[PDB]
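S.K.:
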Amino acid sequence: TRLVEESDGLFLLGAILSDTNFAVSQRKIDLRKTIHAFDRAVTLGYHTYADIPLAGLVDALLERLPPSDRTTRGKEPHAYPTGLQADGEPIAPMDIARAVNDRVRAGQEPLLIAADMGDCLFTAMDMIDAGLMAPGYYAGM
Amino acid sequence: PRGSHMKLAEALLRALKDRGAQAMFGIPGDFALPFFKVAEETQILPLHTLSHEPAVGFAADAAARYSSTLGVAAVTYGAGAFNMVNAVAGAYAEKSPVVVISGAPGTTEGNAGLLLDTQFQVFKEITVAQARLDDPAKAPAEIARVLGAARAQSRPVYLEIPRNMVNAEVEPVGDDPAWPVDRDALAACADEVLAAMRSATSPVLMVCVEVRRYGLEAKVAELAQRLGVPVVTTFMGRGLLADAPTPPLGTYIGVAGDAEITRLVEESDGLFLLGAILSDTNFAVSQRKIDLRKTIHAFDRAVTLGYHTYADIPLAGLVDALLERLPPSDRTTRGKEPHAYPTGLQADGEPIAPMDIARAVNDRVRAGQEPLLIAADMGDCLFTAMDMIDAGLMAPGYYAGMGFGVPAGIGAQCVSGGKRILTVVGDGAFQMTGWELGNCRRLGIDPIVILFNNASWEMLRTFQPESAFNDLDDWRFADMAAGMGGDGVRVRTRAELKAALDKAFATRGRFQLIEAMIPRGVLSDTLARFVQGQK
Amino acid sequence: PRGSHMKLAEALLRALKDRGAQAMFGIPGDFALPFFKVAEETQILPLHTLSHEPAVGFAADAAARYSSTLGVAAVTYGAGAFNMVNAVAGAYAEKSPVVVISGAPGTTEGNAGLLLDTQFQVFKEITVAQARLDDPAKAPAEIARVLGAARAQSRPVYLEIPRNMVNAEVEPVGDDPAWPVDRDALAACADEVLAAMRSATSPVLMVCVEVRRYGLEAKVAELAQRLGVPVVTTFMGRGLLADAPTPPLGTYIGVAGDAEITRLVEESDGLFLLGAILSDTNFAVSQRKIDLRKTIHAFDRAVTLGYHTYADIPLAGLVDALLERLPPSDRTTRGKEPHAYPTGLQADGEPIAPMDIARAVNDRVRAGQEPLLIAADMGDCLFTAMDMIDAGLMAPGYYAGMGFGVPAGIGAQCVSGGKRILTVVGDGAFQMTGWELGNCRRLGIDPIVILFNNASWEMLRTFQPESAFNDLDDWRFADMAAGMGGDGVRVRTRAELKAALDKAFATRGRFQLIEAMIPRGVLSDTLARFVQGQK
Amino acid sequence: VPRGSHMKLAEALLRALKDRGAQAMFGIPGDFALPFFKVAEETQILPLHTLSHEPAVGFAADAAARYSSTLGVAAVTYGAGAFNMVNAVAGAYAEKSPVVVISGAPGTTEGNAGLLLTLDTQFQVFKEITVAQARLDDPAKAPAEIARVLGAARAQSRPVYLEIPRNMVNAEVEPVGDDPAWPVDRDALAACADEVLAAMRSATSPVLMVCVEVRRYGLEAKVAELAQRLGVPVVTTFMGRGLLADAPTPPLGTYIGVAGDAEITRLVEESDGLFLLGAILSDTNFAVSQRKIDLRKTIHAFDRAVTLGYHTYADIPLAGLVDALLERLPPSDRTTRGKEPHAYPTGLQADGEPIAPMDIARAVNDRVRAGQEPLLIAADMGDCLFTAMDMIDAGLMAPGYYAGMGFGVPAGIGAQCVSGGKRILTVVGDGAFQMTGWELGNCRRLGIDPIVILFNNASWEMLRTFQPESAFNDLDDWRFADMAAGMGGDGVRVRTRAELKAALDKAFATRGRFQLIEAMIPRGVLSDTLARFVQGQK
Ligand SMILES: Cc1ncc(Cc2c([C@H](C)O)sc(CCOP(=O)(O)OP(=O)(O)O)c2C)c(N)n1
Ligand SMILES: Cc1ncc(Cc2c([C@H](C)O)sc(CCOP(=O)(O)OP(=O)(O)O)c2C)c(N)n1
Ligand SMILES: Cc1ncc(Cc2c([C@H](C)O)sc(CCOP(=O)(O)OP(=O)(O)O)c2C)c(N)n1
Ligand SMILES: [Cl-]
Ligand SMILES: [Cl-]
Ligand SMILES: [Cl-]
Ligand SMILES: [Mg+2]
Ligand SMILES: [Mg+2]
Ligand SMILES: [Mg+2]
């Protein structure tokens, strides 16, 4: 959150901008230093370039950048909760996350997850998936 | 003088109660939480929540129709409000004043351009008046204007309330602004209408939806007696003037109705459509089937005949003006024989057909049971309910949208003050909104629901039998009833049906679901006549 | 097929030209610069700039009226557009289709909340249709819809163009969307109107503003001949049917007009107001002075009589329908004596009175000068111009707003194709907009302007003589003329007046300003009759 | 129905206005307004000044309000008269000036001319450009309505609208009382004041901006005290120009966007603690734009609310916020005064070369440096305004945010009408003069003698700078100086710097008649501020 919101060169490549649930909000970033490529247009330095498809912009940037072997891979970012205590205590959302993750760590290929709006979605954010589909911005149940 | 003030939300709730609203149905959301807090804390109007927004809209519509007053449907900004568009369109279509109250972002919260407002624009298409209450100084007058429009045109209205305005101090809401009438135009209108009714060889007075919505039954019974012409009701005027000196000869529902009634209406050269919705809809009076050079259409505060229109003529005003020009009368037609309803259910081991369901209900009534108001969904359940003895029939007869049934029965029973409601619904429609019955326990009601399960979208099969997509699975609805707090029973024979209906009426406290298995290809008599008529 | 496209601004200009627009008047600004660039570069429509926005609006209105076509007024966002609100309201009031085109911030430039849009909302109150052209895909259809409304109702419309949309590629603009008419309703309307005219003891056909705006003079001359009833014009119908088989008996202008004409109109029991603006305005036909149970009001695409209205009836359609129901005729009334205008100016050393100005103009005409169209401002100059022989009279006769005069004369001469225009204006009105004459050199025109200088707001003194605030200073207008490129001359005697008018007509190339000194307390005959009538 | 007060409704209104500081009433009558103007003229409660065209009525009233930080009064007639003042009123709304619009109207029992189709078109249009409106058609309710509406104009410093049916002008009414009280959340005020101080203390580069509301509400003394105690850099917006000039911690300069001083612009735009005290926020000409600053680190106190840290505190009057902050800050002797910020151009070369805008600035400044007490300047929109930014003044009144033309001459007139003899210097371009400069014809009757410098470049030059390729920005030659005599003033056309110098001296030495100096300027020659403005758009 800090990295994004304090950026003085935020390149939003294909982002929805809105003050709704999980979306990047115009109120949390500095639009003055933001490059917003979306809806076939690109906005930066106070002005907007019209008729610029996202695929075209990416190709144009690639044509201006030399190849690189740069690699920043490392051990997993964001630790997924594991180790469900299968006992007689009541269930909490995090226990459901651990139950799902333990199966995956034990060898189950992850499933794509469809989530509704509610804590079910907030819990799914901590589940190992093969894709997550949910109304993260619209937030409609 | 006065100098008092209250929270905007409270002023709105009291204004609604001042106009007869009996409850507030709704589903909250973050933007609407503050408004729901005021509703719950003040207790000005009973607050009933439902599971899904369609039901909130249908329940508010049903409550409005039940008491001929304003209905109140509260939702949250975005998905909540958009999810009630169909129910509100249905209320608009059938002239029911549902007041839509949506929460919204605060006036300082700028915007939320996910859809770039769109919600306001969409609701403008399905309501007669709207207002975003973002100015405490003008809020009271805007509330009176919008609620006044709902009452004047008997159609839905939209109120959007920024959440930071919920607690803004405002002056109390006054009376609806007046929609004054030109006395001279009104006189001219009444004079022409009366002259037209007197010159017709076959004048007919049709008593319709607006008569009920505006509570003009007594005045129209008097008008009907004095005018001295045959009285007929439209589908939405069903039951009106039943206790009048000159009760309706019957109800016009188009091709599937009584041929004598249909002809009387369609061949009239002085068809006085008093408050009628006109449309090429199934059970409605259609402009295509009547003589437009002779029809007198009093509707939406206007009167049209001979292709010309008298504007700003409220139905109530027209009726009073006609009464002033007619001498009293002692004429009556109440010596005639009553309507013959299908009765005599054969409680045997034979499978169930829609008409058997009609007979089952009617027999209990003949045996002494006071009739129950019936809420019907769209489907053969409605065509079947038309042959049932009722204490009113609430159904999307013109709009024809599915899902209305169960939520309407729920909304009606919430404001019936103890009167039990009978709901009829098909399997297709039940799959949409029958689940709302899980709310009966909290709401403290126990409607009786007869579910017509033919594992099919049967009205569609009938029009296109060669298609396989109308073949639905067998959902075990009766078995699912206990899970949502009701008593369910699946019946397959007329005998089980007879027994199950008696048991339902004898059991209070939990909704009673009677799942009637009906084979595909089997229809009510009214639907059959309807289908034949199309062919 | 086709597949061509052009800049949105160009598509709009061509659409205007396709509909008869002859020029574009305007004042640019930063937001409108791109649009003005396209107008100047493409040269689709002559681009004429003025000094102040009121004149832009008045000039566009005058051009629309001059050729009975669309007028075009281009302004910039904010102050530019707000500064033209009054001129546009005047055009709305007197049924003149001025197309208002305002530049606006680009679609990406977000907003400018100095007034928190407000401009759009304000213009919605004074136009019949509006559109913000912010979607190139839908721009062509929106332009056709809005321009189509201007033509259908003959009133101003508003088009807002975000500056980044000026150069957006769009498809060409097609024809106006059709506003189809119900043949049956039209037949019923024509039948009732004709029946009403035949049953009246004293039917009167009034030829009004819409007849001129919609170019129906020929068709109405034919209708008038066949109908066979007396013809009278309203102030805005002045001059219509002058060459018709049955020319108007005269013009109704209320209390100050011919008593015989006034009575004929007001006591008619079959007053056919063909295209009339109705209002309690000075020279207009007022609902308060006529028999509403017998008036037939054909206006704004509707026909009202007996307090009922036939909707969607275009004036042209009504006229054709009536013609289809009337037999031809060879009747004529052109054997009568012509109107008597005040003539015989005594070119002596006596001071000037308004009527002397009338005589001066009329004598030149009698001596052989072809009359000039007259543009008049509001004030005694208008009451005086009513007694002048003209080739048309353009004035705010109903709206009564000052400042119209000089800019209207300018706008008219810009599209008159060589015809010189005579403008009459008071000192008060000249102080407002007479300065626009400084633009004549660039525009290549040379109107003749007679300025009535009584160093007073004389119409106001007349109604309240005890006030001192109506006493204005003596501005030396003639002396200021050379500074803005014209030839000015101050005249104090009838002799100087006579000489100055001849000199003006003899001098072309520069506007000619004749500043006529008139003592306070001296009025035209028409204004005097008007004042007496009020008392 | 009231009876016996012996106080006409119109008189009660004029007195209510006077009670609140109004110093005059500008207007143009009409049939519907005649009875109201009669009461104004006969009672002389407020000096009555008529003008030629309604735009001037609105501009003059706005100027009178700005001049004395009080209510302005603009009276018009129903219909055309009122619609013709919509722009001037919108401009006052845009720049927070409380112009009280009073329009005559048909009597309550005579209906109206439905030419346009309270719900009347006029009322609906005015509701969009005013903060409160009232139709005084009920004598029993009029007193309270006037107090509510005039109170609204004073609470938010925006125009209001009053419509008076002509038959109500003389209706007896009870006296108008005090303004009703507007809400004030004392708890919110306390929390807000604490949060503001915390944010300013944690900021690396906090900046205090003194803006329009500070001037409108007469809070200069309190804000000077606050600025000294707060201890952060001080800057003013265009509408706050001149505020705190004599304080211990005066403004470092005035922020006006790219057109201004680069250092000032940088300080404001890079601030992580921008306290906008009473500022209009807009993307228009010289206003502080939400697009140039970081709203996340901005504290916006305006329109009786305060926004910071993503949230807004409602019902917090600016005066209350300032007092709350003072109560939380100990006294200080901190002083940051120093030699003049922003050097004013001087040393006009009075020779035979043509005139450039900067030469006009130097001519004016040299007189001041030679001992002439500065005059307040009224400027129209155009390079005349950009040039005025570099002129030593005793106040500058101009449409710096709204940027609507025509304000200039009428504002100078309105201001001098209430200046008690203090001469006003008006600067205006040729395009704007063609619109409303003619109002100078009213100077003699009004008893004023403004000095007017007309920048005649025969061009809509600011438009040329934006789109030089266009031919329509080329205007014709109008001999304005030659037309001055016809309007009762003295005019002179000057072409060289020497002629300019002489003409300015003559104008100043000649009172009694307005003095019009028509300065011929070649196209393509701009003031330094406009040049920076143009370069900044590249
Ligand atoms: C919301 C909605 N969706 C679709 C339809 C189309 C429709 C009918 C028409 C076109 O309105 S009839 C029908 C089948 C209803 O099935 P059911 O409830 O079980 O009763 P039955 O078996 O008697 O048909 C559908 C889907 C509708 N009316 N409303
Ligand atoms: C824009 C505007 N403002 C005010 C009025 C009110 C008005 C009249 C009415 C109420 O419309 S008549 C009149 C005086 C006009 O003076 P002038 O042009 O010299 O001609 P004359 O001396 O013959 O009066 C005014 C001010 C108006 N009609 N239009
Ligand atoms: C009422 C009105 N109309 C139009 C504009 C647009 C405009 C400018 C911007 C877009 O506001 S700058 C300008 C030219 C002004 O000419 P002038 O008075 O001679 O001064 P200069 O030559 O220095 O430009 C215009 C027309 C405006 N600001 N206000
Ligand atoms: Cl009906
Ligand atoms: Cl007319
Ligand atoms: Cl500011
Ligand atoms: Mg079914
Ligand atoms: Mg005059
Ligand atoms: Mg210029």
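Protein chains in written order, with PDB author numbering: chain A, 264 to 404; chain B, -4 to 111, 119 to 537; chain B', -4 to 111, 119 to 537; chain A', -5 to 111, 117 to 537. A prime marks a further copy of an entry chain. Even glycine gets a Cβ: it sits at the ideal position worked out from N, Cα and C.
Going residue by residue through the region 265 to 334 of chain A, where are the continuous alpha helix (DSSP H) segments of at least 4 residues, counting only ones entirely within it?
M.R.: 265 to 268 and 317 to 325, all fully within the region 265 to 334 of chain A.
S.K.: Beta carbons nearer than 7 Å to chain B': which residues of the region 30 to 45 of chain A' have them?
M.R.: Residues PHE31, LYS32, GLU35, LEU42 and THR44.
S.K.: Within this structure, are the beta carbons of A':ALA530 and A':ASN455 separated by less than 8 Å?
M.R.: Taking 8 Å as the Cβ cut-off, A':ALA530 and A':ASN455 do not qualify as a contacting pair.
S.K.: For the candidate residues B':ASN284, B':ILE292 and B':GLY277, whose alpha-carbon lies nearest to that of B':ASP271?
M.R.: Closest option to B':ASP271, Cα to Cα, is B':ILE292.
S.K.: Taking 7 Å as the cut-off, does the CB of B:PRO182 come closer than this to any heavy atom belonging to ligand 3?
M.R.: No, the beta carbon of B:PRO182 sits no closer than 7 Å to any heavy atom of ligand 3.
S.K.: Kindly say whether A':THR102, judged by its beta-carbon, lies nearer than 8 Å to any beta-carbon of chain B.
M.R.: Not an interface residue.
S.K.: As an exercise, report each continuous beta strand (DSSP E) stretch of at least 3 residues that is fully enclosed by the region 437 to 509 of chain B, in chain order.
M.R.: The region 437 to 509 of chain B contains these whole beta strand (DSSP E) runs: 450 to 455 and 489 to 493.
S.K.: Output needed in chain order: residues of the region 306 to 326 of chain A with a Cβ under 9 Å from some Cβ in chain B'.
M.R.: Going along the region 306 to 326 of chain A in chain order, one finds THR306, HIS310, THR311 and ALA313 with a Cβ nearer than 9 Å to chain B'.
S.K.: In this structure, how does DSSP classify B:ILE145 when only helix, strand and coil are distinguished?
M.R.: In this structure, B:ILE145 counts as helix in the three-state DSSP scheme.
S.K.: Please list the partners that B':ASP186 has in chain B, where partner means a Cβ-to-Cβ separation under 9 Å.
M.R.: Those are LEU294, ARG295 and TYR309, listed as they occur along chain B.
S.K.: Answer yes or no: does any C-beta atom of chain B fall closer than 8 Å to that of B':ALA190?
M.R.: Chain B contact via Cβ: present.
S.K.: Counting only C-beta atoms, is A:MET396 closer than 8 Å to chain B at any point?
M.R.: It does not; no Cβ of chain B falls within 8 Å.
S.K.: Who's in the neighbourhood of ligand 6, going by beta-carbon under 7 Å from any heavy atom, listed in chain order?
M.R.: Having a Cβ closer than 7 Å to some heavy atom of ligand 6 are A':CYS210, A':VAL211, A':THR236, A':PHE237, A':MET238, A':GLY239, A':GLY277, A':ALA278, A':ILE279, A':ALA286 and A':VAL287.
S.K.: Evaluate the contact criterion for the region 470 to 479 of chain B' versus the region 413 to 432 of chain B': three or more CB pairs, one atom per stretch, below 8 Å.
M.R.: These segments touch.
S.K.: With respect to 7 Å, is the separation between the Cβ of A':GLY399 and the closest non-hydrogen atom of ligand 3 below this value?
M.R.: Result no, Cβ not under 7 Å from ligand 3.
S.K.: Going by beta carbon distance, what residues of the same chain come within less than 8 Å of B':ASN169, once the five residues before and after it are set aside?
M.R.: Once the five neighbours on either side are set aside, the close Cβ partners of B':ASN169 are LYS2, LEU3, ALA4, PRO29 and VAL33.
S.K.: Whose C-alpha, out of B':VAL493, B':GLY259, B':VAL231 and B':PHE125, is nearest the C-alpha of B':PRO249?
M.R.: The option with the nearest alpha carbon to B':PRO249 is B':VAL231.
S.K.: Does ligand 9 have a heavy atom nearer than 7 Å to the CB of A':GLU162?
M.R.: No, ligand 9 has no heavy atom inside 7 Å of this Cβ.
S.K.: Just to make sure I have the definition right: I need the residues of chain B whose C-beta is within less than 9 Å of the C-beta of A:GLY403. Which are they?
M.R.: Those within 9 Å of A:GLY403 in chain B are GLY73, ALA74, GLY75, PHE77 and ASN78.
S.K.: Report the partner residues of B':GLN132 according to the DSSP bridge assignment.
M.R.: DSSP output for B':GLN132 lists B':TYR160 as bridge partner(s).
S.K.: So is the beta-carbon of A':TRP459 under 7 Å away from any non-hydrogen atom of ligand 9?
M.R.: Yes, Cβ of A':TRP459 sits closer than 7 Å to a heavy atom of ligand 9.
S.K.: Can you find a C-beta in chain A that's less than 8 Å from the C-beta of B:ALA107?
M.R.: At least one chain A Cβ lies under 8 Å of B:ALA107.
S.K.: For the putative contact between B:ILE128 and B:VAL83, defined by C-beta atoms under 8 Å, what is the C-beta separation to the nearest angstrom?
M.R.: Right, their Cβ atoms sit about 5 Å apart.
S.K.: Hey, how far is the Cα of B:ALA369 from the Cα of B:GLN155?
M.R.: So the two alpha carbons sit approximately 41 Å from each other.
S.K.: By Cβ distance below 6 Å, which residues in the same chain neighbour A':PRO205 in space, the five residues on each side in sequence not counted?
M.R.: So the list reads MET199, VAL231 and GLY272, once near-sequence residues are dropped.
S.K.: By DSSP's criteria, A':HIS341 is part of a beta bridge. Which residues make up the other side?
M.R.: BP columns for A':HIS341 are empty, so no partner.
S.K.: Taking 6 Å as the limit between beta carbons, can you name the residues of its chain near residue 112 of chain B, skipping five residues before and five after?
M.R.: Structure remark: chain B lacks residues between 111 and 119, so residue 112 of chain B is without coordinates.
S.K.: Relative to the C-alpha of A':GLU162, which residue among A':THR509, A':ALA180, A':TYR72 and A':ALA88 is closest?
M.R.: Checking every option, the nearest Cα to that of A':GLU162 belongs to A':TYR72.
S.K.: Quick one, which of B':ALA59, B':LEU111, B':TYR61 and B':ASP322 has its alpha-carbon nearest residue 116 of chain B''s?
M.R.: Residue 116 of chain B' cannot be placed in this structure, since chain B' goes from 111 to 119 without the numbers between.
S.K.: For A':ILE96, which beta-bridge partners are listed by DSSP?
M.R.: In DSSP, A':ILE96 forms a bridge with A':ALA69 and A':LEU161.
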